[PDB]
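S.K.: how does the following fold in three dimensions:
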Amino acid sequence: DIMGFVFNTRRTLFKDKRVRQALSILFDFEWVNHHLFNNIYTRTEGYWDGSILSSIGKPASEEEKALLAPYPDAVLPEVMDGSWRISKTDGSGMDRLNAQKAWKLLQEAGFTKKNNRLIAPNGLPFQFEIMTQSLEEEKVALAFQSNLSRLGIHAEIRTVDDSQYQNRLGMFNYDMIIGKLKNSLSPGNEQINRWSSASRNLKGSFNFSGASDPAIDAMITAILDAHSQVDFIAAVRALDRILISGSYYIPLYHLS
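M.R.: Numbering: from 1, shown residues only. Take a look at the structure below.
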């Protein structure tokens, strides 16, 4: 399984990769892990963690480099080389340094502050809703809310019934949710339903983030076309690299 905060990328507030990157950093997992759990949980970082298919701690192979050549904006340099690791905080949920990198990222993206509220380049305030289904999600979402408030972002936390929750998943009627994807044994055809651009605009698909990049589709095609161990590992690893660089998810944690 993979679990995370999912940015509904269809909505204007989350169109920009630096913004999703900033909000991802703003979330303090270690506060949550120590304060709501007994550190019984482990942070999920990428998309194929603890598998030969993970890209996390290794530099891109030549085949990967060849797979990605056509797509220069897809992967971050730190992610291309295996340096990248998900950001952690130092305990108490008021980290100045963490918040500082995100603030930096938002300025680049055109964000400013008015009367203590973060504001988009279009003057609209950065305010959005997080839809949860369970009390445990609500707690986690409420902790995120506190992190976001510290930079003038207002996250409204909702917990609703299942009919509504499932209706709204199906319609993509949400700013952000907690989504989980039960990974198959090896990535196969289900990848198209999760990440392909076509599945962005088909209600009831599992492209919760509305991700839609030619690079993503290309990697998926490469995974499915692979006839060797080496080509398949490079295709999945390259995909991980793009999805990490996309910040389509703010990854949460696995039972481990």
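S.K.: so what does residue 114 look like in phi/psi?
M.R.: phi -120, psi 120 (degrees, to the nearest 10).
S.K.: what about it, how many residues nearby?
M.R.: Residues near residue 114, counting by other C-beta atoms under 10 Å, number 10. All C-beta atoms are positioned from the backbone trio N, CA, C, and that covers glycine.
S.K.: that one and residue 163, how far apart?
M.R.: 38 Å (C-beta to C-beta, to the nearest Å).
S.K.: all helices for the stretch 51-200 of the chain, in order.
M.R.: 62-68, 77-81, 96-108, 135-149, 162-171, 190-195 (DSSP state H, counting those that start in this stretch).
S.K.: excluding chain neighbours, what is closest to residue 7?
M.R.: In space, and not counting its chain neighbours, residue 7 is closest to residue 14: 4.2 Å by C-beta to C-beta, 6 or more residues apart in numbering.
S.K.: what's the answer for residue 105, then?
M.R.: Nearest one to residue 105, counting by C-beta to C-beta, 6+ apart, is residue 22 at 3.9 Å.
S.K.: for the one you found, which residues are in contact?
M.R.: 101-103, 105-106, 109 (C-beta atoms under 8 Å, 6 or more residues apart in numbering).
S.K.: same check on residue 205?
M.R.: Here residue 205 is in contact with 193, 199 (C-beta under 8 Å, 6+ apart).
S.K.: mind checking the backbone torsions on it?
M.R.: phi -80, psi 170.
S.K.: need the residues that contact stretch 111-125.
M.R.: 12-13, 19, 106, 109-110, 126-127, 151-154.
S.K.: all strands of the stretch 1-150 of the chain, in order?
M.R.: Under the criterion DSSP state E, counting those that start in this stretch, the stretch 1-150 of the chain contains strands at 2-7, 42-43, 112-114, 117-119, 127-132.
S.K.: make TSV out of those strands and add distance to residue 206.
M.R.: Conversion of these to TSV gives the following (distance: least, C-beta to C-beta, whole Å):
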stretch	distance to residue 206
strand 2-7	10
strand 42-43	22
strand 112-114	35
strand 117-119	30
strand 127-132	16
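S.K.: most tightly packed of those?
M.R.: strand 2-7 (a mean of 23; mean count of other C-beta atoms under 10 Å).
S.K.: what residues sit buried inside the helix or strand harbouring residue 238?
M.R.: For residue 238, the host element (DSSP states H and E) is helix 229-246. Within helix 229-246, the residues scored as buried using 16 or more other C-beta atoms under 10 Å are 232-246.
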